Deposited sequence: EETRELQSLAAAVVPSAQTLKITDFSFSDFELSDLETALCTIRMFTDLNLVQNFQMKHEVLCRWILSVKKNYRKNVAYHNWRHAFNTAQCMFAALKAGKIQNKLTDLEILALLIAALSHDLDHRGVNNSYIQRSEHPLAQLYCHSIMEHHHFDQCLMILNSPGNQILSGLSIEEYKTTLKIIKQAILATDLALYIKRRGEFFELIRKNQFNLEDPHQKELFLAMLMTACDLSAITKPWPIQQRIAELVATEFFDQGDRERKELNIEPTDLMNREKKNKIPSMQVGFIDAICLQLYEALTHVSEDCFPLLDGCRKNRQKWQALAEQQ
């Protein structure tokens, strides 16, 4: 069946980005089959000029995508392939519609897309954090990412020179490590402070790296920015994994507001300053806060 899935994917035509709706910040994957998410992923690499600029063979990219998808656990309610897929779609949208693409190099864009898709590989559920803060989980996710990138027939970075390769792996590693909320909390102050004093400069290597980390977090948490009906469903999945280990929702509203205020709002507000075109993420996050708050006050 696996080889059958690869055949089907490899031979299928890839619809335009417009048709796949991957340029929209409000994108949802609920109506898509796994095969369709694989197609959207190919379009992301294609439209970001990655397939061309790095000479990726169609057969290899397809196999790599399927290996990545296969290495997420479907039995985990939220931290699964759909989450990684959505994180990558948000990166694509931020780069295109958010106009962030022009602010980065091709290697950085290549690393960001790969990281987004690979950032939660082999996640076993928040409650099943069984071992055998240096973000131990993120290190495992990266290890899985590297293993797949080095698997025979899955080497989508074979077209890069060794120097490009080492640079890309480093960015990929930092990007995945950045998805550790402890690191976000630890580094956001500097980012907020720089934007505050209007001293933010992407030309500065340290600030460029800091920005890449913040962007990863923004895409990682982007479910919190989706249209209300979508966000409710995503929150339902997170709740399932967190509680149902896969009162009740009488506390979810307040916790959602707590999460939005403590982690999300500031980040999307900062992102909008760096690029006004990313406003929809902030707008969606604000609309969901209002909705959750109304419920928290008992509707």
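Unmodelled segments of the deposited chain, in sequence order: 133-142, 257-273.
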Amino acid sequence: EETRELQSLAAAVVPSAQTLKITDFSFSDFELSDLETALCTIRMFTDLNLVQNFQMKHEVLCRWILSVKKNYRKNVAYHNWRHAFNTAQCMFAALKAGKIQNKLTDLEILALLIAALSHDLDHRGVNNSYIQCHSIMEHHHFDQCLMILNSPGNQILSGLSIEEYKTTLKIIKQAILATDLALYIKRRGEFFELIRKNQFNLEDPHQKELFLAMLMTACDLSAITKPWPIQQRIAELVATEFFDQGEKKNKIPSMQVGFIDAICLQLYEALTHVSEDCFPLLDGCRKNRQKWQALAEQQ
From here on, numbers count along this sequence of modelled residues.
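Take the two forms, superpose them, and find the largest set of C-alpha atoms that agree within 1.5 Å; that set is the rigid core.
After a core fit, the C-alpha atoms in 8 other deposited structures of this protein lie farther on average from the shown form in one of 101-109 and 140-148, namely 140-148. Core superposition of the other structures onto this form places the C-alphas of 70-78 farther off in 8 other deposited structures of this protein than those of the other stretch among 70-78 and 163-171. Modelling of residue 214 is complete across the other compared entries in which both of its neighbours are modelled; not even a third of them leave it out. Looking at the other PDB entries for this protein, residue 132 is absent from the model in a third or more of those that include the residues around it. Mean CA B-factor, 5-13 versus 282-290: the higher value falls on 5-13. When the mean C-alpha temperature factors of 213-221 and 185-193 are read from the deposited coordinates, 185-193 comes out higher. Sorting 117, 160, 110, 126 by the CA temperature factor given in the entry leaves 126 at the top. Comparing the listed residues 80, 144, 101, 86, the entry records the largest Cα B-factor for 101. In this PDB entry, residue 260 carries a Cα temperature factor that places it within the middle third of its chain's modelled residues. In the deposited entry, the Cα temperature factor of residue 166 places it in the middle third of its chain's modelled residues. Per the PDB record, residue ranking by Cα B-factor puts residue 150 in the middle third of the chain.
Among the modelled residues of its chain, residue 41 has a C-alpha B-factor that falls in the lowest third according to the deposited record. Sort the modelled residues of the chain by CA B factor and residue 245 lands in the highest third.
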